[PDB]
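**Q** Pasting a structure below so you can have a look.
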Amino acid sequence: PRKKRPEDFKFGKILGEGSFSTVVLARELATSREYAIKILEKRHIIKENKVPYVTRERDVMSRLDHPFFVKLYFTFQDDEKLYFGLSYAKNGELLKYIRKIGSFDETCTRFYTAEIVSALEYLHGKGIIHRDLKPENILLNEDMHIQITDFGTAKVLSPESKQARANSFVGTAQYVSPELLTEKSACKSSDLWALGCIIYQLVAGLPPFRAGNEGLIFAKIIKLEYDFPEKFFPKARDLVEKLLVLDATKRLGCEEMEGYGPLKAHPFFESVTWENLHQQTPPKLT
Ligand SMILES: Nc1ncnc2c1ncn2[C@@H]1O[C@H](COP(=O)(O)OP(=O)(O)OP(=O)(O)O)[C@@H](O)[C@H]1O
Ligand SMILES: O=S(=O)(Nc1nc2ccc(Cl)cc2s1)c1csc2ccccc12
């Protein structure tokens, strides 16, 4: 189609602000469709050497075609700014619901964990590592299905070299894998570590490695220093213990553990129908 331009849209509220981006709700005049438009200032990203992150985000998102990811519909630019046209995730961040509710029940924990597993299976099947999986980056659409976002720090592993490890230091402390801290590289299994953290957080309210700053958190991660609260659903506890494993080759779902089949077969997921999650009605959180 014709390249879109800013005047093709009526811009509305700011949906959120990043350190070098702003996301604005926009209605396309010719169609009445709503998009979340992520806008970046060229001078700002050139100055702060963020151009690689912007090109990474476009390149990775352009490869994705799955219901559990924010879709990139279009991009355009003017003299001052870059624009990403994204699907609008009307119900915002998963983190919001964790804070409000405190502790998901077992059915809700199972359902949302299954959608994240499904999404990661797709992503890893394409040879892509997210590297910053966290509840702030798991948005929710109008139907309360997940919409994973934030791919500027993701990595497309090279099939040509059978690349397994990536060397950029990226992520968020609470969810960073021990291999990134100690071996200075991430792999697909690093996302499975983050998954373990997120499952724990859905039930416990807070993620497992807790401290008031990053260095203290890093020290706990490499020691596997965490504990479960009382009443933590037993099969979920078992799953988390099989994800929060220091050796990245021993995490359920990783390539060396023979992939997503054994993970999806975990007893915590016994009642899950994997084939069509995005067409199932999500369980009510309250
Ligand atoms: N597709 C979307 N639909 C609805 N809201 C969105 C969408 N994408 C992002 N947002 C909201 O806008 C916020 C800002 O997103 P953006 O990617 O610009 O920065 P960030 O990732 O939050 O921050 P930083 O880049 O500093 O880590 C997000 O945290 C999220 O709340
Ligand atoms: O055209 S791209 O393929 N590459 C880029 N062009 C520019 C131009 C100026 C600046 Cl500061 C950065 C980039 S990076 C692209 C990546 S993200 C995005 C968003 C809107 C339009 C183009 C692009």
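In the structure tokens, each chain is lettered A, B, ... as it comes, each chain's residues begin at 1, and ligands are numbered from 1 in order of appearance.
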Residue A:55: which residues within 12 Å, counting only C-alpha atoms, same-chain residues fewer than 6 positions away excluded, as a PyMOL selection string?
**A** chain A and resi 40+45+49+61-62+75+82-84+151-155
**Q** Just write the chosen residues, N, CA, C and O atoms, as a PDB file, in the first residue's frame.
**A**
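So part.pdb came out as:
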ATOM      1  N   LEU A  40       9.708   7.992  17.630  1.00  0.00           N
ATOM      2  CA  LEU A  40      11.068   8.264  18.074  1.00  0.00           C
ATOM      3  C   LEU A  40      11.599   9.504  17.376  1.00  0.00           C
ATOM      4  O   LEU A  40      11.344   9.706  16.187  1.00  0.00           O
ATOM      5  N   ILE A  45      17.823   9.726  18.999  1.00  0.00           N
ATOM      6  CA  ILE A  45      18.389   8.386  18.854  1.00  0.00           C
ATOM      7  C   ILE A  45      19.782   8.416  18.192  1.00  0.00           C
ATOM      8  O   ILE A  45      20.616   7.558  18.482  1.00  0.00           O
ATOM      9  N   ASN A  49      23.145   7.135  20.373  1.00  0.00           N
ATOM     10  CA  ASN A  49      23.529   5.889  19.701  1.00  0.00           C
ATOM     11  C   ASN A  49      22.501   4.766  19.822  1.00  0.00           C
ATOM     12  O   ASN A  49      22.865   3.612  20.035  1.00  0.00           O
ATOM     13  N   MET A  61      10.425  -7.474  14.434  1.00  0.00           N
ATOM     14  CA  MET A  61       8.960  -7.478  14.374  1.00  0.00           C
ATOM     15  C   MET A  61       8.434  -7.827  12.996  1.00  0.00           C
ATOM     16  O   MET A  61       7.359  -8.420  12.880  1.00  0.00           O
ATOM     17  N   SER A  62       9.177  -7.454  11.955  1.00  0.00           N
ATOM     18  CA  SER A  62       8.752  -7.738  10.593  1.00  0.00           C
ATOM     19  C   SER A  62       8.725  -9.244  10.325  1.00  0.00           C
ATOM     20  O   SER A  62       8.078  -9.696   9.380  1.00  0.00           O
ATOM     21  N   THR A  75       5.617   1.150   8.870  1.00  0.00           N
ATOM     22  CA  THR A  75       6.544   2.144   9.370  1.00  0.00           C
ATOM     23  C   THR A  75       6.587   3.330   8.401  1.00  0.00           C
ATOM     24  O   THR A  75       6.377   3.179   7.198  1.00  0.00           O
ATOM     25  N   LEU A  82      10.742   8.972  13.511  1.00  0.00           N
ATOM     26  CA  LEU A  82      10.422   7.613  13.043  1.00  0.00           C
ATOM     27  C   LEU A  82       9.110   7.167  13.668  1.00  0.00           C
ATOM     28  O   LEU A  82       8.869   7.416  14.856  1.00  0.00           O
ATOM     29  N   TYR A  83       8.286   6.480  12.877  1.00  0.00           N
ATOM     30  CA  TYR A  83       6.989   5.992  13.327  1.00  0.00           C
ATOM     31  C   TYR A  83       6.818   4.489  13.082  1.00  0.00           C
ATOM     32  O   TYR A  83       7.014   4.012  11.975  1.00  0.00           O
ATOM     33  N   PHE A  84       6.449   3.763  14.129  1.00  0.00           N
ATOM     34  CA  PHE A  84       6.047   2.354  14.034  1.00  0.00           C
ATOM     35  C   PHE A  84       4.548   2.251  14.239  1.00  0.00           C
ATOM     36  O   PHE A  84       4.057   2.633  15.301  1.00  0.00           O
ATOM     37  N   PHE A 151      10.910  -5.553  21.068  1.00  0.00           N
ATOM     38  CA  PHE A 151      11.858  -6.396  20.356  1.00  0.00           C
ATOM     39  C   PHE A 151      13.142  -5.707  19.931  1.00  0.00           C
ATOM     40  O   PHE A 151      13.949  -6.304  19.227  1.00  0.00           O
ATOM     41  N   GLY A 152      13.349  -4.469  20.370  1.00  0.00           N
ATOM     42  CA  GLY A 152      14.588  -3.768  20.075  1.00  0.00           C
ATOM     43  C   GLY A 152      15.810  -4.419  20.713  1.00  0.00           C
ATOM     44  O   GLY A 152      16.944  -4.191  20.274  1.00  0.00           O
ATOM     45  N   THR A 153      15.592  -5.214  21.761  1.00  0.00           N
ATOM     46  CA  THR A 153      16.691  -5.916  22.419  1.00  0.00           C
ATOM     47  C   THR A 153      16.657  -7.422  22.144  1.00  0.00           C
ATOM     48  O   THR A 153      17.422  -8.176  22.728  1.00  0.00           O
ATOM     49  N   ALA A 154      15.792  -7.852  21.227  1.00  0.00           N
ATOM     50  CA  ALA A 154      15.752  -9.243  20.810  1.00  0.00           C
ATOM     51  C   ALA A 154      16.882  -9.543  19.822  1.00  0.00           C
ATOM     52  O   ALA A 154      17.563  -8.638  19.330  1.00  0.00           O
ATOM     53  N   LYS A 155      17.078 -10.825  19.546  1.00  0.00           N
ATOM     54  CA  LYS A 155      18.172 -11.272  18.692  1.00  0.00           C
ATOM     55  C   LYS A 155      17.725 -12.370  17.768  1.00  0.00           C
ATOM     56  O   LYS A 155      17.193 -13.377  18.229  1.00  0.00           O
TER      57      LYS A 155
END
**Q** Residues at most 8 Å from stretch 196-200 of chain A, counting only C-alpha atoms, excluding those fewer than 2 positions away in the same chain, as JSON, numbers by chain?
**A** {"A": [109, 113, 134, 135, 175, 192, 193, 194, 202, 203, 204, 205, 206, 207, 208, 236, 237, 239, 240, 241, 243, 244]}
**Q** Return as a Markdown table the residues of chain A lying at most 12 Å from ligand 2, together with the closest atom-to-atom pair for each and the distance in Å to one decimal, counting only C-alpha atoms and all ligand atoms, with rows in chain order and ascending residue number.
**A**
| residue | atom | partner | partner_atom_place_in_ligand_line | distance |
| --- | --- | --- | --- | --- |
| A:3 | CA | ligand 2 | 21 (C) | 9.9 |
| A:4 | CA | ligand 2 | 21 (C) | 10.1 |
| A:5 | CA | ligand 2 | 21 (C) | 10.4 |
| A:6 | CA | ligand 2 | 20 (C) | 11.3 |
| A:20 | CA | ligand 2 | 11 (Cl) | 11.8 |
| A:21 | CA | ligand 2 | 19 (C) | 11.6 |
| A:37 | CA | ligand 2 | 19 (C) | 10.4 |
| A:38 | CA | ligand 2 | 19 (C) | 8.8 |
| A:39 | CA | ligand 2 | 19 (C) | 8.3 |
| A:40 | CA | ligand 2 | 19 (C) | 8.2 |
| A:41 | CA | ligand 2 | 11 (Cl) | 7.2 |
| A:42 | CA | ligand 2 | 11 (Cl) | 3.7 |
| A:43 | CA | ligand 2 | 11 (Cl) | 6.1 |
| A:44 | CA | ligand 2 | 11 (Cl) | 7.8 |
| A:45 | CA | ligand 2 | 11 (Cl) | 5.9 |
| A:46 | CA | ligand 2 | 11 (Cl) | 5.2 |
| A:47 | CA | ligand 2 | 11 (Cl) | 8.7 |
| A:48 | CA | ligand 2 | 11 (Cl) | 10.2 |
| A:49 | CA | ligand 2 | 11 (Cl) | 9.2 |
| A:50 | CA | ligand 2 | 11 (Cl) | 8.5 |
| A:51 | CA | ligand 2 | 12 (C) | 5.4 |
| A:52 | CA | ligand 2 | 14 (S) | 7.7 |
| A:53 | CA | ligand 2 | 17 (S) | 8.7 |
| A:54 | CA | ligand 2 | 17 (S) | 5.1 |
| A:55 | CA | ligand 2 | 16 (C) | 4.2 |
| A:56 | CA | ligand 2 | 16 (C) | 7.6 |
| A:57 | CA | ligand 2 | 17 (S) | 6.9 |
| A:58 | CA | ligand 2 | 17 (S) | 5.0 |
| A:59 | CA | ligand 2 | 16 (C) | 7.5 |
| A:60 | CA | ligand 2 | 17 (S) | 10.5 |
| A:61 | CA | ligand 2 | 17 (S) | 10.2 |
| A:62 | CA | ligand 2 | 17 (S) | 10.3 |
| A:72 | CA | ligand 2 | 19 (C) | 10.3 |
| A:73 | CA | ligand 2 | 19 (C) | 11.2 |
| A:74 | CA | ligand 2 | 20 (C) | 8.0 |
| A:75 | CA | ligand 2 | 20 (C) | 4.3 |
| A:76 | CA | ligand 2 | 21 (C) | 3.9 |
| A:77 | CA | ligand 2 | 21 (C) | 4.7 |
| A:78 | CA | ligand 2 | 21 (C) | 8.3 |
| A:79 | CA | ligand 2 | 9 (C) | 8.4 |
| A:80 | CA | ligand 2 | 11 (Cl) | 8.2 |
| A:81 | CA | ligand 2 | 11 (Cl) | 7.6 |
| A:82 | CA | ligand 2 | 20 (C) | 4.3 |
| A:83 | CA | ligand 2 | 20 (C) | 4.6 |
| A:84 | CA | ligand 2 | 19 (C) | 5.4 |
| A:85 | CA | ligand 2 | 20 (C) | 8.7 |
| A:86 | CA | ligand 2 | 19 (C) | 11.2 |
| A:151 | CA | ligand 2 | 17 (S) | 11.6 |
| A:152 | CA | ligand 2 | 17 (S) | 9.8 |
**Q** Apply DSSP to the backbone of this structure and, from stretch 14-228 of chain A, keep only the residues in alpha helix (DSSP H); write these as JSON, numbers by chain.
**A** {"A": [42, 43, 44, 45, 46, 47, 51, 52, 53, 54, 55, 56, 57, 58, 59, 60, 61, 94, 95, 96, 97, 98, 99, 100, 101, 106, 107, 108, 109, 110, 111, 112, 113, 114, 115, 116, 117, 118, 119, 120, 121, 122, 123, 124, 125, 178, 179, 180, 181, 182, 188, 189, 190, 191, 192, 193, 194, 195, 196, 197, 198, 199, 200, 201, 202, 203, 204, 214, 215, 216, 217, 218, 219, 220, 221, 222]}
**Q** All residues within 7 Å of ligand 1 are required, counting only C-alpha atoms and all ligand atoms; please report them as a list in words.
**A**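 These are the residues that qualify: residues 15, 16, 17, 18, 19, 20, 21, 22, 23, 36, 38, 70, 86, 87, 88, 89, 90, 92, 93, 136, 137, 149 and 150 of chain A.
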**Q** Using only C-alpha atoms, find the one residue out of A:209, A:268, A:218, A:68 that sits nearest to residue A:235.
**A**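 For residue A:235, the nearest of the given residues is A:268.
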**Q** Please measure the separation of atom CA of residue A:250 and atom CA of residue A:191, giving the value in Å to one decimal.
**A**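 Straight-line distance from atom CA of residue A:250 to atom CA of residue A:191 works out to 13.2 Å.
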**Q** Expressed in Å to a single decimal, how great is the separation between atom CA of residue A:181 and atom CA of residue A:160?
**A**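 Those two atoms sit 26.7 Å apart.
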**Q** Skip residue A:275 itself and residues of its chain fewer than 3 positions away, then list as a ChimeraX atom specification all residues within 12 Å of it, counting only C-alpha atoms.
**A** /A:114-115,118,264,272,278-280
**Q** If you measure from atom CA of residue A:67 to atom CA of residue A:170, what distance in Å do you get, rounded to one decimal?
**A**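 Interatomic distance here is 25.3 Å.
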**Q** I'd like to know which residues of stretch 10-190 of chain A are strand (DSSP E) (by DSSP, run on the backbone); could you write them as an NGL selection string?
**A** :A and (10-17 or 22-28 or 34-41 or 72-77 or 81-86 or 128-129 or 138-140 or 146-148 or 155-156)
**Q** Write the residues of the preceding selection, restricted to N, CA and C atoms, as a compact mmCIF listing (two decimals), in the first residue's frame.
**A**
# COMPACT_ATOMS: atom_id res chain seq x y z
N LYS A 10 -5.26 10.84 13.04
CA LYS A 10 -5.63 11.73 14.13
C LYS A 10 -5.03 11.15 15.39
N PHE A 11 -4.12 11.88 16.01
CA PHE A 11 -3.45 11.36 17.20
C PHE A 11 -4.24 11.71 18.44
N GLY A 12 -4.28 10.78 19.39
CA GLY A 12 -4.98 10.98 20.64
C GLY A 12 -4.04 10.90 21.82
N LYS A 13 -4.44 10.14 22.84
CA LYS A 13 -3.71 10.13 24.10
C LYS A 13 -2.38 9.42 23.99
N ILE A 14 -1.46 9.82 24.85
CA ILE A 14 -0.23 9.07 25.06
C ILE A 14 -0.56 7.80 25.84
N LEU A 15 -0.14 6.68 25.28
CA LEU A 15 -0.35 5.38 25.91
C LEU A 15 0.78 5.06 26.87
N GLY A 16 1.97 5.56 26.56
CA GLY A 16 3.10 5.42 27.45
C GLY A 16 4.34 6.09 26.90
N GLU A 17 5.34 6.21 27.76
CA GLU A 17 6.59 6.85 27.38
C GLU A 17 7.75 5.95 27.77
N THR A 22 7.85 7.39 22.55
CA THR A 22 6.53 7.69 23.07
C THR A 22 5.55 6.90 22.24
N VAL A 23 4.56 6.28 22.89
CA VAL A 23 3.55 5.52 22.17
C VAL A 23 2.23 6.27 22.31
N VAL A 24 1.61 6.56 21.16
CA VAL A 24 0.41 7.39 21.09
C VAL A 24 -0.69 6.61 20.39
N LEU A 25 -1.90 6.74 20.88
CA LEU A 25 -3.05 6.16 20.23
C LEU A 25 -3.41 7.02 19.03
N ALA A 26 -3.65 6.38 17.89
CA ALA A 26 -3.94 7.11 16.66
C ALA A 26 -5.06 6.44 15.91
N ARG A 27 -5.89 7.25 15.27
CA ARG A 27 -6.94 6.72 14.41
C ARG A 27 -6.58 7.08 12.99
N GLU A 28 -6.55 6.07 12.13
CA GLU A 28 -6.29 6.27 10.72
C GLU A 28 -7.54 6.85 10.05
N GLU A 34 -7.83 1.95 14.74
CA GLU A 34 -6.92 2.41 15.80
C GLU A 34 -5.60 1.64 15.79
N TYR A 35 -4.52 2.40 15.91
CA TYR A 35 -3.18 1.86 16.05
C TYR A 35 -2.51 2.49 17.25
N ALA A 36 -1.57 1.77 17.84
CA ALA A 36 -0.62 2.36 18.77
C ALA A 36 0.59 2.72 17.93
N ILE A 37 0.92 4.00 17.89
CA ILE A 37 2.03 4.45 17.08
C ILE A 37 3.18 4.81 17.99
N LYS A 38 4.29 4.10 17.80
CA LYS A 38 5.51 4.36 18.57
C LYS A 38 6.36 5.34 17.80
N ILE A 39 6.68 6.46 18.45
CA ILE A 39 7.35 7.58 17.80
C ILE A 39 8.69 7.83 18.47
N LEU A 40 9.71 7.99 17.63
CA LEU A 40 11.07 8.26 18.07
C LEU A 40 11.60 9.50 17.38
N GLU A 41 12.33 10.33 18.11
CA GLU A 41 12.99 11.50 17.52
C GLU A 41 14.37 11.14 16.97
N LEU A 72 3.49 -5.42 13.87
CA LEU A 72 3.97 -4.23 13.18
C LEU A 72 3.29 -4.17 11.81
N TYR A 73 2.39 -3.20 11.64
CA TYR A 73 1.63 -3.08 10.40
C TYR A 73 2.35 -2.25 9.35
N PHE A 74 3.03 -1.19 9.79
CA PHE A 74 3.68 -0.26 8.89
C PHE A 74 4.71 0.56 9.64
N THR A 75 5.62 1.15 8.87
CA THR A 75 6.54 2.14 9.37
C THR A 75 6.59 3.33 8.40
N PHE A 76 6.88 4.51 8.92
CA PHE A 76 7.17 5.65 8.07
C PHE A 76 8.00 6.65 8.86
N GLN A 77 8.40 7.72 8.19
CA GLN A 77 9.21 8.73 8.83
C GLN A 77 8.94 10.08 8.22
N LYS A 81 11.23 12.52 12.80
CA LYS A 81 10.76 11.37 13.56
C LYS A 81 10.62 10.08 12.77
N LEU A 82 10.74 8.97 13.51
CA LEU A 82 10.42 7.61 13.04
C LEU A 82 9.11 7.17 13.67
N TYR A 83 8.29 6.48 12.88
CA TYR A 83 6.99 5.99 13.33
C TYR A 83 6.82 4.49 13.08
N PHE A 84 6.45 3.76 14.13
CA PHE A 84 6.05 2.35 14.03
C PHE A 84 4.55 2.25 14.24
N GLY A 85 3.84 1.69 13.27
CA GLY A 85 2.42 1.43 13.42
C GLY A 85 2.16 0.05 14.00
N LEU A 86 1.68 0.01 15.24
CA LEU A 86 1.52 -1.24 15.99
C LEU A 86 0.07 -1.57 16.32
N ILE A 128 14.70 -16.87 17.35
CA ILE A 128 14.74 -15.54 17.94
C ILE A 128 14.71 -15.62 19.46
N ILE A 129 15.62 -14.89 20.11
CA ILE A 129 15.64 -14.77 21.58
C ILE A 129 15.05 -13.41 21.93
N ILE A 138 4.57 -7.81 28.38
CA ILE A 138 3.49 -8.70 27.99
C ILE A 138 2.22 -7.90 28.11
N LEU A 139 1.74 -7.39 26.98
CA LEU A 139 0.54 -6.57 26.99
C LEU A 139 -0.69 -7.46 26.81
N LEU A 140 -1.87 -6.86 26.95
CA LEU A 140 -3.12 -7.60 26.88
C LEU A 140 -4.02 -6.89 25.90
N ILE A 146 -2.61 -12.38 25.53
CA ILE A 146 -1.32 -11.70 25.59
C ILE A 146 -0.87 -11.17 24.23
N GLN A 147 -0.10 -10.10 24.30
CA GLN A 147 0.52 -9.45 23.16
C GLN A 147 1.94 -9.08 23.57
N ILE A 148 2.90 -9.96 23.28
CA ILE A 148 4.28 -9.70 23.69
C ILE A 148 4.89 -8.60 22.81
N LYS A 155 17.08 -10.83 19.55
CA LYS A 155 18.17 -11.27 18.69
C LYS A 155 17.72 -12.37 17.77
N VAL A 156 17.96 -12.18 16.47
CA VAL A 156 17.76 -13.24 15.49
C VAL A 156 19.06 -14.01 15.38
**Q** Between A:95, A:248, A:173, A:119, single out the one closest to residue A:215, counting only C-alpha atoms.
**A**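 Among A:95, A:248, A:173, A:119, it is A:173 that comes nearest to residue A:215.
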**Q** Rank nothing, just name the residue among A:247, A:143, A:171, A:125 nearest to residue A:157, using only C-alpha atoms.
**A** A:125
